[PDB]
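So this first bit is one chain, no partners, the form deposited in one PDB entry, shown in structure tokens.
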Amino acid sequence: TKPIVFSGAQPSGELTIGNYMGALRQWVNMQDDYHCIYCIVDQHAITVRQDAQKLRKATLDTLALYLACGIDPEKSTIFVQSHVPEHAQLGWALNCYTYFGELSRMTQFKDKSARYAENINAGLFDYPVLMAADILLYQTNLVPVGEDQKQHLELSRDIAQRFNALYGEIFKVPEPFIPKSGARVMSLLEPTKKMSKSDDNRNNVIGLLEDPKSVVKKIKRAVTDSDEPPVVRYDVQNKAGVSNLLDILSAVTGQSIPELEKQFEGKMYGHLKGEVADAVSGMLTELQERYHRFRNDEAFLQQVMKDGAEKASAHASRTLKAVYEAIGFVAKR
């Protein structure tokens, strides 16, 4: 049997070119090489308060976007987290092998808490434990994520090792799969802050379903630097904006940073932004054309969710049975 890939994305906010280059691009590329399982994590999404109509619509938007990206339900398992009870069941059990201190020091908990001061809820605190359960249920070997989820992924490894040390080889210890390009795509007007799928300022983001014409204008207004003469060179510390533009271009076109720096010799930020805008506009035009074909086909989305939850349940029920046997529960008849 092939090694197992697992990853997820939240049906909340609006997925960006950051979410694509950090995660979804790798998801699509891994589908023949590994046994891939991809999840729409609606139980994680509600750690930030959602409107009920927007959450239901966003779950189906996210599913159609996975399909539009090239996630193939004949090759990959695609399912909605809340459809598989084992996630919450294993999440509770793993709370008992996770320390309070490990959770309080999490960067996501701190950042989301500062943003949503009026809804610092237990779900937002307990986020990493349910995420560990999501991964460990599927005997997962690789977890393709962006740089921002590295800390959560490291806790899931700590939990797996801690549980295995007491009970035996119940879980696989998962490894991160973080890409070389586009692991941390930055905000267009604040290039020291990562691109957010829920930014109050839309001018910071390249949304995967945004009007390409709107995206081209935002790229042209992306902040660069005061360098005289202007030079197209990758340097995060001194040239955050220009570096972010080169990272995006590299990720879309497949061209290396040395290749792009050579291409832009004797050229300035007009040429760079022109090439970023053209590459991104083309990618989003084609992606969006595939998206609407899937998104408006409710019979197809309904079948993908049904088949996916069925495949996921078979794997998850096997792992949870072993966890429950190990910790000493009377087995359900």
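Start at 1 with the first residue shown and count on from there. Under this definition, the rigid core comprises the largest set of C-alpha atoms superposing within 1.5 Å between the forms.
Requested in this report: Compare the other PDB entries of this protein and indicate whether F109 is left unmodelled in at least a third of them.
Outcome: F109: unmodelled in at least a third of the other compared entries.
Query raised in the report: When the C-alpha temperature factors are averaged for each of 85 to 93 and 191 to 199, which stretch ends up with the higher value in the entry?
Result: Higher mean C-alpha B-factor: 191 to 199.
**Report entry** Between 280 to 288 and 39 to 47 (mean CA B-factor, as deposited), the higher
**Finding:** Between 39 to 47 and 280 to 288, it is 280 to 288 that shows the higher mean C-alpha B-factor.
Query raised in the report: Looking at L136, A114, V129, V80, which has the highest Cα B-factor in the entry?
Result: Of the candidates given, the C-alpha B-factor peaks at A114.
Query raised in the report: Sorting the chain's CA B-factors, does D227 end up in the lowest, middle or highest third?
Result: Middle third.
Query raised in the report: Taking the entry's C-alpha B-factors for this chain, is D61 in the lowest, middle or highest third?
Result: It belongs to the lowest third of the chain when residues are ordered by C-alpha B-factor.
**Report entry** Within-chain third of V5 by Cα B-factor, per the entry
**Finding:** For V5, whose C-alpha B-factor we compare with every modelled residue in the chain, the answer is the lowest third.
Report task. State the tercile, meaning the lowest, middle or highest third, of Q302 with respect to the CA B-factors recorded for its chain. Result -> Lowest third - that is where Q302 ends up once the chain's C-alpha B-factors are sorted.
Report task. State the tercile, meaning the lowest, middle or highest third, of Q53 with respect to the CA B-factors recorded for its chain. Result -> Tercile = middle for this residue's CA B-factor.
One more form of this protein, deposited in another entry, exists but is not displayed; see below.
Query raised in the report: Looking at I78, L246, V129, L137, which has a Cα shift of 2 angstroms or more between this form and the one not shown when the rigid core is held fixed?
Result: The answer here is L246.
Query raised in the report: C-alpha of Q26: shift of 2 angstroms or more between this form and the one not shown, rigid core aligned?
Result: Yes, the C-alpha moves 2 Å or more.
Query raised in the report: Once everything's superposed on the core, is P258 shifted 2 Å or more at the Cα between this form and the one not shown?
Result: The answer is yes, as the C-alpha of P258 shifts between this form and the one not shown by 2 Å or more after core alignment.
Query - Displaced residue check between this form and the one not shown: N296, CA, 2 Å or over, core reference - result: The answer is no; the displacement is under 2 Å.
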